[PDB]
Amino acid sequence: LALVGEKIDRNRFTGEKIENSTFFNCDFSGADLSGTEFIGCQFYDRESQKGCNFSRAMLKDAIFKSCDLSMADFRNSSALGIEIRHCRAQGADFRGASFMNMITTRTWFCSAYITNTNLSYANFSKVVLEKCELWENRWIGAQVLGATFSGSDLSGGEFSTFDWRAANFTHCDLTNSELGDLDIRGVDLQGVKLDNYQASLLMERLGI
């Protein structure tokens, strides 16, 4: 399977399963991708330098494994309990995307599974991702201002060019990660889990 330049109809792939396909410059905006599963699929065209629009797509329980989602516009999604794995999503736009259930609780709760995924330069400004599976990702350069990952599990993460001040990390698990310029003086770390190797390393940053 290999579409190009098409705008995808609301119910074209709903619930379906697709493998080793390619969608270049397609426009899944507004689509209904509940229960859809993409495997080995590519959504980013290099000769073209453009990716796919997923803005406002319904993605409740959607699934992405080993896909290339670079430059994916996930703005304003509905992505409750979705899972992303071994994917490339460098530069992808996540602002607006809701990973939270607002119905079966009288407040809110989150659900989301994004691992083994390259999130470099992804935009998570203001995103809510409390208590989710966010382990083993590359976060280099990702915008995270206003976000909150409180209680999530980010263990095994790369954070080389990453502003630890901009988002709420209280209660996350950061064991076994590349922490970059994390400075325990100016960054609430209440409840967070560290590995001894890092622990020492962080003292070193303080002159000790």
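Each residue number is its position in the shown sequence, starting from 1.
Which is higher in the entry, the mean Cα B factor of 136-144 or that of 35-43? Between 136-144 and 35-43, it is 35-43 that shows the higher mean C-alpha B-factor.
12-20 versus 186-194 - which carries the larger mean C-alpha B factor in the record: The recorded data point to 12-20.
What's the residue among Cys172, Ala166, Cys67, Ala57 with the greatest CA temperature factor in the PDB record? Most elevated C-alpha B-factor of the set, per the entry: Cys67.
Comparing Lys131 with the other modelled residues of its chain, is its CA B-factor in the lowest, middle or highest third? Its C-alpha B-factor, which the entry lists for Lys131, ranks in the middle third among residues of this chain.
Please rank the C-alpha B-factors of the chain's modelled residues and tell me whether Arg88 sits in the lowest, middle or highest third. Its C-alpha B-factor, which the entry lists for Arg88, ranks in the highest third among residues of this chain.
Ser150 - which third its CA temperature factor falls in, relative to the rest of the chain: Its C-alpha B-factor, which the entry lists for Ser150, ranks in the lowest third among residues of this chain.
Record-listed C-alpha B factor of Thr161: chain third: Middle third.
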